[PDB]
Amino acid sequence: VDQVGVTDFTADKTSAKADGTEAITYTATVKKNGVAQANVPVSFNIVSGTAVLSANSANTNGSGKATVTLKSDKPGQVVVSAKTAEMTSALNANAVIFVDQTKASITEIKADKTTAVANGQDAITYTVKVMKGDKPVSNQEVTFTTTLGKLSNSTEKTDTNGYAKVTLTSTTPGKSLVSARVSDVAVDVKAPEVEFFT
């Protein structure tokens, strides 16, 4: 309240080719008390992963929006953050993935919510997509693991649209990190962290 801050930091794509050429474009929105803030410097940082940012700091335009692009030559996951001076900590965007287009690779992992009740019933749903040649791959085995709770299954085969899904419940509270992988791709794909509460 009464502080300029990044309220949203999103990308136009969940994945791109690991050719160092295709760009993922991020948009940071900056508001104070819900009102767009113009001419505010937004600092961008690669929190984790291997990639290159086009800029490290850009000012918002007259709509309160500042953009930056990301490219990479390495298959993997990348987390980029955005911050304004008054924020205590940067806002992380959802991870994105750079893929070898010639190989069936996970291109996204999404959780339908980031919190749930720790009663063994309230389930968080994770959805992974697998693609090759920018097309979805069917019947690819995606294997899931977790640091907390019970997954509905360990391995699910992608459907005709490239998607595999599992649910996660927990009878005890805490943060949970779900990971996913496919064969022959050397990327430990991490889902957004979630948290269960009693």
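Residues carry their position along the shown sequence, with the first being 1.
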| query | finding |
| --- | --- |
| Entry-level comparison of average CA B-factors, 141-149 and 33-41, reporting the higher stretch | 33-41 |
| Higher-scoring stretch by recorded Cα B factor average, 106-114 or 83-91 | 83-91 |
| Selection from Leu168, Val52, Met131, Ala164 [criterion: highest C-alpha temperature factor in the record] | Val52 |
| Most elevated Cα B-factor in the entry, residues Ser176, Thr21, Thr14, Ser183 | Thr21 |
| Third assignment of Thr127 from its chain's C-alpha B-factors | lowest |
| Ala191 by Cα B-factor - lowest, middle or highest third of the modelled chain | lowest |
